[PDB]
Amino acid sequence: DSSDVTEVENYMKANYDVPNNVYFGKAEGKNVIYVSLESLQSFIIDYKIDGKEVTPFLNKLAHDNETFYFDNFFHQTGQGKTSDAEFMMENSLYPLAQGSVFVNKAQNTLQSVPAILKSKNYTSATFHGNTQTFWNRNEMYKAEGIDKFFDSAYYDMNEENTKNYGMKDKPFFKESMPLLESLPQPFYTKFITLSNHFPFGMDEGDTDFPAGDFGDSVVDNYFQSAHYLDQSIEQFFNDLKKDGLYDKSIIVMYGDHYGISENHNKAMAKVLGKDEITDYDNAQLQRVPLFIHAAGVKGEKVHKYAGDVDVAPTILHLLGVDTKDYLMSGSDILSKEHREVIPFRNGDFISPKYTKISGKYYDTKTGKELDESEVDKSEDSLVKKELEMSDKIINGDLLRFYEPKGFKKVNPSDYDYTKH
């Protein structure tokens, strides 16, 4: 009921991390283009096989003088995987501890970014080369206020364009251009890639890259489909620059979650030149890349620890929108006060000081195991509370009882995603 909002609201305001005026509003008026980079982990950035770079385009962005790149950014997903990361981008709220929030909470009342942005006249659309029913997206996007859903009905699903879950990234990005250029501006858009999906085979000759030689074909083929993903982003960027949308936009790209689980530890230790992959090393491998190119704004390679729930306020702040009145779990990464103790969905966490995995603590810098006696419990408490506040919102559908100042309530029945 209405009184349970109070405790959550008092904590969200008691922790809000205010905006950096070096950055706040500096991208006001711009389009937003999100790209979800399927199963892409940060270890891939700058990685080479036989002296050949695996992700040369993404590497250039990582090394340029203009793009924000975050090398200590972590996925915070659970069992809803791709859609768990989408939920966090739009809501700055954690997904469910078990099962999928997209599948089970699509009737919650939400106050998403695409919905916030309506009062600034943003049209919102998702692009994805698979049916709209996948991960219950067609129900959940309506709750999120997404105006348009360009699913697989809008792509040529032939022989050579289709792999496993649907469209390959290269033709998916080509075909999305006229659809994207038809959008009244300003627009807020999501591109959900498909091609870098487990077990990571790619067809010859859709890419020319060698497979690694690590004794495991899942891991061997990862590098080939990652290289293909990288060419797709390059083409997308070239096309964004032909049509003039590159200078009119904030492009935000993120790996959605890990692609390589602990079932492949034997090969991953070879990938890393290590004897074995420990619990600690695996925690380090949950880094996913985050890139933000905000046109008109000089980006920095930022090393602050951050997670998925931090993206939405970073972006909103860049657009000049004040997030103090919203119930959001995340903290603007560009903020001076930005918190760096990063929860994982299962209650583990990572921070510059500590990595905590199944109740063990390690020194984040060195991997050295720490005994419980010498650990400051204050970080663990911050984590529990951060997760708890979010869970109260989602479990009690608390946003029915909260009205932020700008916000006009979303009516899911407004949206229709049938292709005519």
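Residue numbers run from 1 along the displayed sequence.
Stretches 198-206 and 257-265 differ in mean CA B factor, with 198-206 having the higher one. Higher mean CA temperature factor between 28-36 and 373-381: 373-381, per the PDB entry. Comparing the listed residues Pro114, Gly166, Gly307, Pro289, the entry records the largest Cα B-factor for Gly166. Out of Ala125, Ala211, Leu285, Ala226, it is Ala211 whose C-alpha atom has the highest B-factor in the PDB entry.
Ranked within its chain, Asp391 lands in the lowest third, by CA B factor from the PDB record. For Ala153, the recorded CA temperature factor ranks within the lowest third of the chain's modelled residues. In this PDB entry, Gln76 carries a Cα temperature factor that places it within the middle third of its chain's modelled residues. Ranked within its chain, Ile146 lands in the middle third, by CA B factor from the PDB record. In the PDB entry, a CA B factor belonging to the middle third of its chain's modelled residues is recorded for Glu86.
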